[PDB]
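Below is one structure, written out as structure tokens; the observations come after it.
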Amino acid sequence: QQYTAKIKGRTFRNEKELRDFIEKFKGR
């Protein structure tokens with residue numbers, strides 16, 4: 001039970017990674 005929000009298409013282990021995903025998404 002952490003972060004299943006499949007934004008671009010990925011489930012994250014925590015908000016921090018979900019926040020570090022858009023950083024590497026070339027969008028920020």
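Labels for the structure tokens follow display order: chains A, B, ..., residues from 1 in each chain, ligands from 1.
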
Name the residues in contact with region 5-16 of chain A at a cut-off of 9 Å, using only C-alpha atoms, excluding same-chain residues fewer than 5 positions from it; report them as a PyMOL selection string. chain A and resi 21-22+25

Could those residues be written to a file, using N, CA, C and O atoms, as a PDB file, in the first residue's frame?
```pdb
ATOM      1  N   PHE A  21       9.745  10.983 -10.736  1.00  0.00           N
ATOM      2  CA  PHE A  21       9.453  10.407 -12.076  1.00  0.00           C
ATOM      3  C   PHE A  21       9.276  11.549 -13.070  1.00  0.00           C
ATOM      4  O   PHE A  21       9.862  11.554 -14.140  1.00  0.00           O
ATOM      5  N   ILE A  22       8.483  12.531 -12.713  1.00  0.00           N
ATOM      6  CA  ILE A  22       8.284  13.685 -13.629  1.00  0.00           C
ATOM      7  C   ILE A  22       9.621  14.409 -13.810  1.00  0.00           C
ATOM      8  O   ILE A  22       9.875  15.013 -14.837  1.00  0.00           O
ATOM      9  N   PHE A  25      10.969  12.707 -16.464  1.00  0.00           N
ATOM     10  CA  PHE A  25       9.961  12.617 -17.569  1.00  0.00           C
ATOM     11  C   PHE A  25      10.201  13.719 -18.617  1.00  0.00           C
ATOM     12  O   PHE A  25       9.429  13.887 -19.541  1.00  0.00           O
TER      13      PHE A  25
END
```

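Selecting alpha helix (DSSP H) from the backbone DSSP output for chain A yields residues 15, 16, 17, 18, 19, 20, 21, 22 and 23 of chain A.
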
Written file, previous selection with C-alpha atoms, as a CSV table (one decimal), in the first residue's frame:
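File written: part-v8.csv
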```
chain,number,residue,atom,x,y,z
A,15,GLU,CA,5.3,9.7,-3.4
A,16,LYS,CA,9.0,10.6,-3.5
A,17,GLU,CA,9.5,8.4,-6.6
A,18,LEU,CA,6.3,9.6,-8.1
A,19,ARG,CA,7.8,13.0,-7.6
A,20,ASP,CA,11.2,11.9,-9.0
A,21,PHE,CA,9.5,10.4,-12.1
A,22,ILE,CA,8.3,13.7,-13.6
A,23,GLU,CA,11.8,15.0,-13.0
```
